[PDB]
């Protein structure tokens, strides 16, 4: 049968996804089945399960898979095959024109640093979307293309690093598409006094409070965002409730993953307006689990 022998069975990955589907009553939404059999074909990877909370509404059909090897061409190729297979449904149309623009030419795949393929499915077909993430490093030509696709004003350009660029693609099943850039700072970097003091100019002290808890901090820039999204990579999931006063709907998601085996780290995404409110009512929560072979 197989040729490559891992210690990770494909059932382990689908069980982690299945635990998410059971906890939050995720019934089959297109193309969840196609995404799961795509997950079963992957090698070493990290799977992120997520919940998007808007007031008392919960959207939990959010899963991302990060490839944990350096085969960038193959992993991009297989992710796009999933995008093309999902687009085979007659009443679905994916607009890949912005991804085609980014990948056009003699694309140097040796500049790719990280790849994620994901979903965010709703009961509304047109409101569901598929996702592709690509991080590139020291690639001026394609960083320029990505910046132009994002239509970043010179103010947002000052947020972007020149050594790395984290790019996300959204593909709604009704033809809508968007690009997003995620400039980030590591703990050693936003602890630099010459960087943290400038953060005091652009961000409120409420948005700066959880920084001692984080190994990563970033912002999402996209024409599709109502406002810039703040991203916090927490080092310890147990520190979350002391600094992020989420509502009960988001609390059900976080309480479930306080007891799920996997990474101790987590990610929270929310607007700066939510950080200044007394209670977080609109937020994304991300939790992950690693699947790596011991051979």
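Numbering follows the first chain given and starts at 1.
K.L.:
Using the B-factors recorded in the PDB entry, average over the C-alpha atoms of 130-138 and of 151-159, then report which stretch comes out higher.
P.N.:
Comparing 130-138 with 151-159, the higher average CA B-factor belongs to 151-159.
K.L.:
Would you mind comparing 174-182 and 89-97 for me and telling me which has the higher average C-alpha temperature factor in the entry?
P.N.:
The stretch with the larger average C-alpha B-factor is 89-97.
K.L.:
Going by the deposited entry, which of 197, 222, 75, 114 has the highest CA temperature factor?
P.N.:
Of the options given, 197 has the highest CA B-factor in the PDB entry.
K.L.:
What's the residue among 168, 205, 218, 118 with the greatest CA temperature factor in the PDB record?
P.N.:
Highest C-alpha B-factor among the listed residues goes to 205.
K.L.:
How does residue 22 rank on Cα B-factor within its chain, lowest, middle or highest third?
P.N.:
Within its chain, residue 22 is a middle-third residue by C-alpha B-factor, going by the deposited values.
K.L.:
Could you tell me which third, lowest, middle or highest, the C-alpha B-factor of residue 247 occupies within its chain?
P.N.:
Middle third.
K.L.:
By the recorded C-alpha temperature factor, relative to the other modelled residues in its chain, which third is residue 228 in?
P.N.:
Residue 228: CA B-factor falls in the middle third of its chain.
K.L.:
Lowest, middle or highest third: which one holds residue 271 when the chain's residues are ordered by CA B-factor from the entry?
P.N.:
As the PDB entry reports it, the C-alpha B-factor of residue 271 lands in the middle third of its chain.
K.L.:
Which third, lowest, middle or highest, does the C-alpha temperature factor of residue 57 belong to within its own chain?
P.N.:
Its C-alpha B-factor belongs to the highest third of this chain's values.
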